[PDB]
Amino acid sequence: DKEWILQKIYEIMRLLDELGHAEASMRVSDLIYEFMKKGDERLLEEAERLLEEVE
Amino acid sequence: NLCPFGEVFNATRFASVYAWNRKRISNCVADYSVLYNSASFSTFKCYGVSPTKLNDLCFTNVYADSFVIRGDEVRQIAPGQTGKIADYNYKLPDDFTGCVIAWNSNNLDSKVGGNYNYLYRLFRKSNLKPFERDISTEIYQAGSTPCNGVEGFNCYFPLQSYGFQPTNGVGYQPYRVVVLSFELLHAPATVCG
Ligand SMILES: *[C@@H]1O[C@H](CO[C@@H]2O[C@@H](C)[C@@H](O)[C@@H](O)[C@@H]2O)[C@@H](O[C@@H]2O[C@H](CO)[C@@H](O)[C@H](O)[C@H]2NC(C)=O)[C@H](O)[C@H]1NC(C)=O
């Protein structure tokens with residue numbers, strides 16, 4: 001089930017690149033790195049919030 | 001016969017951090033005072049040596065590793081550090097001897113709409129060894145299923161671009177980084193001040 005989080009965060013930063021918002025994408029990329037080192041799932045919520053602010 | 005620092009610091013194009021470029025400096029006079037007193041660098045941190053004594057030392061070889069990273073990642077180009085660069089792109093050893101020099105290149109490496117030419121590695125099976133360069137493009141398997149060369153659910157191309165835009169905040173602006181590794185293991189010494 002953990003794997004679904006990685007896929008969703010990944011999709012968010014890929015989407016942000018396509019919207020022309022590189023800074024937001026780079027901010028989310030950092031969540032991918034941290035996620036894959038931890039059991040902290042709140043990183044998904046943060047990535048989702050960043051996307052909502054951008055859109 | 002001065003060392004080709006101009007070819008390192010004033011290069012038209014820098015390498016991606018995942019594939020850092022190593023220039024060998026040898027059989028020359030390294031006028032380090034040119035770099036230290038240029039006042040064009042934001043970072044000039046030396047390990048195992050003070051920058052003000054470089055002019056008085058000889059080295060066996062000097063290797064200049066050049067690449068581009070973002071501002072907030074500059075602190076990872078140091079001994080003892082961790083992070084996506086320190087772990088997957090460019091690792092410096094705990095006993096590193098050398099100088100890390102970096103400067104803002106927002107007026108060179110940034111483009112309107114974003115410069116996506118520079119790449120970093122986000123996914124890898126394990127951490128890099130010191131001064132290891134991994135330029136494989138094999139798709140990373142994050143999940144339980146085999147990828148077999150196909151991207152998809154939990155299978156990713158390991159590299160991700162840095163979208164460097166002129167309007168990015170400072171931590172997201174590009175920085176050109178040159179790491180001068182000093183081989184101070186005694187030998188005939190081909191690089192002198
Ligand atoms: C890297 O290049 C800078 C700038 O070089 C100048 O501008 C270039 C476009 C080209 O026209 C060069 O021939 C010019 O010299 C160097 O900075 C200059 O260094 C000289 C010598 O110390 C000094 O007199 C100038 O005032 C400096 N100019 C500026 C704007 O700082 C820099 O030294 C070069 N770095 C290395 C390692 O060679």
# chains A, B, ... in the order shown; residues from 1 in each chain; ligands from 1

$ residues_around --residues "region 56-65 of chain B" --least-positions-apart "6" --cutoff "8 Å" --atoms "only C-alpha atoms" --output "compact mmCIF listing (two decimals) with N, CA, C and O atoms, in the first residue's frame"
# COMPACT_ATOMS: atom_id res chain seq x y z
N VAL B 8 37.79 25.65 -16.64
CA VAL B 8 36.97 25.00 -15.65
C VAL B 8 35.89 25.94 -15.15
O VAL B 8 34.72 25.57 -15.08
N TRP B 20 28.81 14.31 -13.51
CA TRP B 20 29.74 15.40 -13.28
C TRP B 20 31.00 15.24 -14.10
O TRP B 20 31.45 14.13 -14.38
N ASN B 21 31.55 16.37 -14.55
CA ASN B 21 32.71 16.36 -15.43
C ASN B 21 34.01 16.56 -14.68
O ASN B 21 34.17 17.54 -13.97
N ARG B 22 34.94 15.61 -14.82
CA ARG B 22 36.22 15.70 -14.13
C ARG B 22 37.37 16.12 -15.02
O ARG B 22 37.79 15.37 -15.90
N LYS B 23 37.91 17.30 -14.76
CA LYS B 23 39.04 17.84 -15.49
C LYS B 23 40.33 17.61 -14.72
O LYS B 23 40.45 17.97 -13.55
N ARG B 24 41.33 17.02 -15.38
CA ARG B 24 42.60 16.81 -14.71
C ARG B 24 43.52 17.99 -14.90
O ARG B 24 43.81 18.40 -16.03
N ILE B 25 44.01 18.51 -13.79
CA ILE B 25 44.95 19.61 -13.78
C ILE B 25 46.32 19.10 -13.37
O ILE B 25 46.49 18.53 -12.29
N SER B 26 47.30 19.26 -14.25
CA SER B 26 48.64 18.75 -14.01
C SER B 26 49.69 19.52 -14.77
O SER B 26 49.39 20.23 -15.73
N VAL B 177 29.00 24.71 -9.73
CA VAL B 177 29.86 24.21 -8.69
C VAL B 177 31.10 23.56 -9.25
O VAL B 177 31.03 22.73 -10.14
N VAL B 178 32.24 23.96 -8.72
CA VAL B 178 33.50 23.34 -9.06
C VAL B 178 34.17 22.83 -7.81
O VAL B 178 34.43 23.60 -6.89
N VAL B 179 34.46 21.55 -7.77
CA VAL B 179 35.12 20.99 -6.62
C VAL B 179 36.55 20.65 -6.98
O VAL B 179 36.79 19.85 -7.88
N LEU B 180 37.50 21.25 -6.29
CA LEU B 180 38.89 20.98 -6.57
C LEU B 180 39.42 19.99 -5.56
O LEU B 180 39.62 20.33 -4.39
N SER B 181 39.63 18.77 -6.01
CA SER B 181 40.11 17.69 -5.17
C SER B 181 41.62 17.69 -5.24
O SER B 181 42.21 17.67 -6.32
N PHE B 182 42.27 17.75 -4.09
CA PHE B 182 43.71 17.84 -4.05
C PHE B 182 44.37 16.55 -3.64
O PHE B 182 44.26 16.11 -2.50
N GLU B 183 45.10 15.94 -4.57
CA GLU B 183 45.78 14.71 -4.24
C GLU B 183 47.08 15.11 -3.58
O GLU B 183 48.01 15.58 -4.24
N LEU B 184 47.14 14.94 -2.27
CA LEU B 184 48.27 15.43 -1.51
C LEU B 184 49.10 14.27 -1.01
O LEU B 184 49.92 14.40 -0.10
N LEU B 185 48.90 13.12 -1.63
CA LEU B 185 49.70 11.95 -1.33
C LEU B 185 51.02 12.19 -2.03
O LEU B 185 51.03 12.51 -3.22
N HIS B 186 52.12 12.09 -1.31
CA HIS B 186 53.38 12.53 -1.88
C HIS B 186 53.82 11.75 -3.11
O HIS B 186 53.67 10.53 -3.20
N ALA B 187 54.33 12.51 -4.06
CA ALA B 187 54.74 12.07 -5.38
C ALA B 187 55.55 13.24 -5.96
O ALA B 187 55.70 14.24 -5.26
N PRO B 188 56.08 13.20 -7.19
CA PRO B 188 56.86 14.26 -7.80
C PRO B 188 56.19 15.64 -7.74
O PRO B 188 56.89 16.65 -7.82
N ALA B 189 54.86 15.69 -7.63
CA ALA B 189 54.09 16.94 -7.54
C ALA B 189 54.10 17.73 -8.83
O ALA B 189 55.03 18.48 -9.11
N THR B 190 53.04 17.60 -9.63
CA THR B 190 53.01 18.31 -10.89
C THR B 190 52.27 19.65 -10.85
O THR B 190 52.40 20.45 -11.78
N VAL B 191 51.51 19.92 -9.78
CA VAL B 191 50.79 21.19 -9.68
C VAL B 191 51.33 22.02 -8.51
O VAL B 191 51.23 21.57 -7.37
N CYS B 192 51.89 23.21 -8.78
CA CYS B 192 52.49 24.08 -7.74
C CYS B 192 51.93 25.48 -7.78
O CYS B 192 51.35 25.90 -8.77
N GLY B 193 52.09 26.21 -6.69
CA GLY B 193 51.59 27.58 -6.63
C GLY B 193 52.51 28.55 -7.39
O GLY B 193 53.58 28.14 -7.83

$ residues_around --residues "residue 92 (chain B)" --least-positions-apart "2" --cutoff "8 Å" --atoms "only C-alpha atoms" --output "ChimeraX atom specification"
/B:77-80,86,90,94,96,130-131

$ write_last_selection --atoms "C-alpha atoms" --output "CSV table (one decimal), in the first residue's frame"
chain,number,residue,atom,x,y,z
B,77,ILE,CA,28.6,19.4,-1.6
B,78,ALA,CA,30.5,18.7,1.5
B,79,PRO,CA,32.1,15.8,3.5
B,80,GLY,CA,29.7,14.1,5.9
B,86,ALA,CA,25.2,13.7,-1.7
B,90,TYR,CA,28.0,13.4,-6.1
B,94,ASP,CA,34.7,12.2,5.0
B,96,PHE,CA,38.2,14.9,1.6
B,130,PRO,CA,32.9,8.8,-2.8
B,131,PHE,CA,33.7,10.2,-6.2

$ interface_residues --of "chain B" --to "chain A" --cutoff "8 Å" --atoms "only C-alpha atoms" --output "PyMOL selection string"
chain B and resi 83-84+113-114+122+142-143+153-154+162-165+168-169+172

$ select_by_dssp --residues "chain A" --states "alpha helix (DSSP H)" --output "MDAnalysis selection string"
chainID A and resid 3:18 22:35 42:54

$ residues_near_ligand --ligand "ligand 1" --cutoff "8 Å" --atoms "only C-alpha atoms and all ligand atoms" --output "CSV table (one decimal) with C-alpha atoms, in the first residue's frame"
chain,number,residue,atom,x,y,z
B,4,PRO,CA,43.8,26.0,-17.0
B,5,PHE,CA,41.3,27.3,-14.5
B,6,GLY,CA,39.7,29.4,-17.2
B,7,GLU,CA,38.7,26.1,-18.9
B,8,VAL,CA,37.0,25.0,-15.6
B,9,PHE,CA,35.4,28.1,-14.2
B,10,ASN,CA,34.6,30.0,-17.5
B,34,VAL,CA,42.9,34.5,-8.7
B,35,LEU,CA,40.0,32.4,-7.6
B,38,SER,CA,37.7,37.1,-7.3
B,40,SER,CA,32.5,36.5,-7.7

$ atom_distance --atom1 "CA of residue 37 (chain A)" --atom2 "CA of residue 82 (chain B)"
11.5 Å

$ closest_residue --among "B:135, B:128, B:46, B:112" --to "residue 97 (chain B)" --atoms "only C-alpha atoms"
B:46

$ select_by_dssp --residues "region 139-172 of chain B" --states "strand (DSSP E or B)" --output "PyMOL selection string"
chain B and resi 140-141+152+155-156+159-161+164

$ write_last_selection --atoms "N, CA and C atoms" --output "PDB file, in the first residue's frame"
ATOM      1  N   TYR B 140      14.405   2.485 -12.929  1.00  0.00           N
ATOM      2  CA  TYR B 140      14.439   2.097 -11.536  1.00  0.00           C
ATOM      3  C   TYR B 140      13.191   1.365 -11.109  1.00  0.00           C
ATOM      4  N   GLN B 141      13.382   0.246 -10.429  1.00  0.00           N
ATOM      5  CA  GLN B 141      12.273  -0.518  -9.893  1.00  0.00           C
ATOM      6  C   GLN B 141      12.025  -0.144  -8.446  1.00  0.00           C
ATOM      7  N   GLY B 152       6.196   2.827 -15.550  1.00  0.00           N
ATOM      8  CA  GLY B 152       4.804   2.629 -15.177  1.00  0.00           C
ATOM      9  C   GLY B 152       4.641   2.653 -13.676  1.00  0.00           C
ATOM     10  N   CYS B 155       7.825   2.198 -11.487  1.00  0.00           N
ATOM     11  CA  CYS B 155       8.981   2.049 -12.381  1.00  0.00           C
ATOM     12  C   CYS B 155       9.261   3.422 -12.970  1.00  0.00           C
ATOM     13  N   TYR B 156      10.445   3.961 -12.708  1.00  0.00           N
ATOM     14  CA  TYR B 156      10.679   5.332 -13.126  1.00  0.00           C
ATOM     15  C   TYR B 156      12.007   5.547 -13.810  1.00  0.00           C
ATOM     16  N   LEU B 159      16.340   9.792 -13.820  1.00  0.00           N
ATOM     17  CA  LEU B 159      16.742  11.188 -13.879  1.00  0.00           C
ATOM     18  C   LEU B 159      15.554  12.129 -13.990  1.00  0.00           C
ATOM     19  N   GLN B 160      15.694  13.285 -13.364  1.00  0.00           N
ATOM     20  CA  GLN B 160      14.698  14.342 -13.369  1.00  0.00           C
ATOM     21  C   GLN B 160      15.358  15.685 -13.609  1.00  0.00           C
ATOM     22  N   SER B 161      14.787  16.489 -14.492  1.00  0.00           N
ATOM     23  CA  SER B 161      15.370  17.786 -14.788  1.00  0.00           C
ATOM     24  C   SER B 161      15.147  18.834 -13.716  1.00  0.00           C
ATOM     25  N   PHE B 164      15.136  25.309 -14.426  1.00  0.00           N
ATOM     26  CA  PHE B 164      15.671  26.573 -13.955  1.00  0.00           C
ATOM     27  C   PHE B 164      15.083  27.755 -14.714  1.00  0.00           C
TER      28      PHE B 164
END
